[PDB]
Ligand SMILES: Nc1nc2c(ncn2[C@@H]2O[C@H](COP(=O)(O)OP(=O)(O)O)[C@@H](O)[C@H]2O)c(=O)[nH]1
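Given next, in structure tokens, is a single chain: the form deposited without this ligand.
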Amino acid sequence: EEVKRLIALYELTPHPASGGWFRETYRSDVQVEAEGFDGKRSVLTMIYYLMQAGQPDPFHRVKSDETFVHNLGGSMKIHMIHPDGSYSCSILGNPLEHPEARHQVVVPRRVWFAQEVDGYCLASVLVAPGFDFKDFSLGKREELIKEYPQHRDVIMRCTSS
């Protein structure tokens, strides 16, 4: 597989909280303070992230804008549920093959998001201020359905029991 060659070359490993493969490749020396964050943070972090068909990356949330950039493969569907209860969907990919896709997608801070692919996709994902486990939340199925009953179907598909 091309997938296996990519995993070997970029030295990726299974992601604890999801279905894909990852590695953190960069973490900035420069540290900054920001309102709403508990303590100092790196200004920027970057990973590789690779996904396959059949396993969604379940709903999750952070305190920073998160920037997705397309490297190789098919399209990636990014689901979003905003604070006011509205839902949207952005397509990450190559517009020369898929006219409504784009090479860059930014998901706004504090939005609940999840993703799925039809083939495989290799992306680079960045966050600023930089990633810290204290700023991260994994979504709970029953709590999400309680808050957003109008989105039961998509929530069921992109969460664990």
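Numbering starts at 1 and follows the sequence shown.
One more form of this protein exists, namely the form solved in complex with this ligand; it is left out here, but the text below deals with it.
Site status: open, since this ligand, placed here by C-alpha superposition from its pose in the deposited bound form, has no atom within 2.4 Å of backbone or C-beta atoms. Only one segment in the set 88-96, 43-51, 30-38, 102-110 has residues whose heavy atoms sit within 4.5 Å of this ligand in the deposited bound form; it is 43-51. This ligand in the deposited bound form comes within 4.5 Å of no heavy atom belonging to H151. By the criterion of a heavy atom within 4.5 Å, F131 is counted among the residues contacting this ligand in the deposited bound form. Taking the partner from the other structure, this ligand in the deposited bound form has a heavy atom within 4.5 Å of a heavy atom of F22. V127 belongs to the set of residues with a heavy atom inside 4.5 Å of this ligand in the deposited bound form.
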